[PDB]
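Just so you know, all these numbers are worked out from the coordinates, no wet-lab data involved.
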Ligand SMILES: [Zn+2]
C-alpha cells in the first residue's frame, strides 16, 4: 500500500478556483486565466 501525505507548504497566495499555492501575487494571477475559459462544452445562454 501507500500512505504518507507530506506535501505541505503553507503558501500565502492561493487560487480561488482550486486553492493552489503560490509565492507571489503574480504567478497566481496568471494561473487564474487558465480557469476562466475552457473548451467549448456547455452553452450557457444569457
Ligand atoms: Zn486554480
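Here are the numbers for the structure shown:
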read-out	value
Length-normalised contact order for the chain - Cα pairs under 8 Å, 6+ apart - percent	23
q = 0.18, 0.28 Å⁻¹, the chain: log10 I(q)/I(0) [Debye, one scatterer per Cα]	-0.69, -1.01
